[PDB]
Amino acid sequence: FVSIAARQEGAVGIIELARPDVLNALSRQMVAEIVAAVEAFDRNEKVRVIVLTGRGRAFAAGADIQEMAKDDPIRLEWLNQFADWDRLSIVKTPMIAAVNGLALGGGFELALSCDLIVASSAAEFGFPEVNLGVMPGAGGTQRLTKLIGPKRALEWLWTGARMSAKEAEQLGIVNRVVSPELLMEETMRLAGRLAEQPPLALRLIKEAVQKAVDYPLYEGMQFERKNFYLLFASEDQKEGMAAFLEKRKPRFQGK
């Protein structure tokens, strides 16, 4: 990798965007590396949680405009660059975005792709694409709208204005806001805690929530219960309930 740095801490995989010189602008090259890194941690049974964060002042301020400026519809159609983003979407391992600073355009879309977001008090979110004559192309218009409704989404998408971490939290986009200096510490504590929950349960609960977003209630509940059944084939379910009935600490193993 030449645009990111990855490391492991316990059962948590950490991915740091490493292009602070350009505020970690997400180039097609960088996105490719990020996906490769996420998929690698996902495949690794030892990594139960993945954390994304930015090196320097920003999380990710937009995408690389330079490599985009002269493109045309046909080149983009053949390129199919958002297929890399779709790969991120189907990763089943829990993912947390630790937004240390500016998260604009592609940067905001990268954060929205994660399951949880812990934001620095100094972080700001937004989609300035409209002011460049374009629009978000990596799910920004879709994920934002499902989270806050069309009335509010259009106001941010049509203006390209900057949203504060505090407002993102009130809107249900961000899970927690913490001081810049405590961001990583808080995020790692959360990740460590999640890595201690039954791995199968997190996995299947994540799938259910994803179906809940799209699926009609009845069919979503249909999918939900099938996952419920599957959990009773796991040792963690037997132990979790046995422990509950025996007033003792449960000992999970991810199987």
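Residue positions are given as counts along the sequence shown, with the first one as 1.
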Comparing 128-136 with 181-189, which has the greater mean CA B-factor as deposited?
181-189
Out of 47-55 and 64-72, which one has CA B-factors that are higher on average in the deposited record?
64-72
In this crystal structure's PDB entry, the residue among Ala242, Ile14, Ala233, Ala11 with the greatest CA B factor is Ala242
At the C-alpha atoms, which of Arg162, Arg87, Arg143, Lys92 reaches the highest B-factor in this entry?
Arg162
Which third, lowest, middle or highest, does the C-alpha temperature factor of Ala123 belong to within its own chain?
highest
State the tercile, meaning the lowest, middle or highest third, of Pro150 with respect to the CA B-factors recorded for its chain.
middle
So where's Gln170 on the chain's Cα temperature factor ranking, which third?
highest
Just say lowest, middle or highest third for the CA B-factor of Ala103 relative to the other modelled residues in its chain.
middle
Lowest, middle or highest third of the chain for the C-alpha temperature factor of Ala36?
middle
